[PDB]
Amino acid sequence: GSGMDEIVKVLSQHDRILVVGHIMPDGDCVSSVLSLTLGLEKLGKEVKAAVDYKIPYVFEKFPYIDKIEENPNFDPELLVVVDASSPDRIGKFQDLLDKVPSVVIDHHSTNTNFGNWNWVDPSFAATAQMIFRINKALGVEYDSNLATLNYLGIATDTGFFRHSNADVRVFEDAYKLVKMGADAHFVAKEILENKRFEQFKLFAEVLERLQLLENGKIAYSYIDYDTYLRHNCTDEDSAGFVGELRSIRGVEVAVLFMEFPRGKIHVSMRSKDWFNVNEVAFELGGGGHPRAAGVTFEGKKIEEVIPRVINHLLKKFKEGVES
């Protein structure tokens, strides 16, 4: 629909701007929201940042993290929606879409182009890369704090330069930002080395319960609610567990069953090279992306949800192995 130049001109034409990110905010969301907000503020615009969700604790030390609001009181001329592929993903702020002109900036190919202006380019690994280019086009001078905030999303959305999307442009952007003072160590420490001690004792139980299925192609484990309690943990402590189980040699699908609170079992699935876990997840009542999906069961017994999910996963997997 629109290109960066059109977005830059729209941003220049408006002064009271609300920058909105997607719910359940990750590094790229926080990075893209704050990097654009601060850039626009440096231009003298009246800007507020909003995400309809609690900002996770791992961001607590980041400069200007306080600028992201859950309940802003603001009368914007322009809504800028970043890193969100559809209106439901910005929560209660979608109710502004028919009241305020909107810009969309996103790297998700599934983006519905729900804005009055839409710059969507999936060749970027992170929306933060697109914000970096917008700020440059606007003449934003980066300091170390803004460089760190813009580096954040490029790091997290590439798995810290490990995913298949970490191409030359990603590494060029990272080099440029570190040269401007981005604190790569700070970012990694706060995002990746911020685990409660109790999470490690919980993870030990996960690993003791770990089992492989179907020629070591499927790995699964489970956390019952009483095991969370025993280690003084919640589902906040176990978020990164399923991705670790995917790193087993030969495993194509990792599955983790997580009962928290009691009776509520969330099932996370991650795949590696080819298996579309979103299809299995959707058929079980959930959904997601081809390599990362999930499904929630409410008011059920974990010992009954595990067979239910594994039986269907195994059927779909063998069907996929065949043709």
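We number the residues from 1 along the sequence you see.
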Seminar exercise, completed: Higher of the two mean Cα B-factors (73-81, 150-158; per PDB record) comes from 73-81
Exercise. Once you work out the mean C-alpha B-factor for both 96-104 and 124-132 from the entry, which is higher?
Worked result: 96-104
For this session: Kindly indicate the residue among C29, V277, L36, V255 with the greatest C-alpha B-factor in the PDB record.
Result: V277
For this session: Could you say which of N232, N145, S238, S247 has its CA atom at the highest B factor, as listed in the PDB entry?
Result: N232
Problem set entry | Position of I306 among the chain's modelled residues by C-alpha B-factor, lowest, middle or highest third | lowest
Exercise. Looking at the C-alpha B-factor of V267, is it in the lowest, middle or highest third of its chain?
Worked result: lowest
Exercise. Comparing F186 with the other modelled residues of its chain, is its CA B-factor in the lowest, middle or highest third?
Worked result: lowest
Exercise. What third of its chain's C-alpha B-factors does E172 belong to: lowest, middle or highest?
Worked result: lowest
Problem set entry | Third of the chain, ranked by Cα B-factor, where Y222 sits | lowest
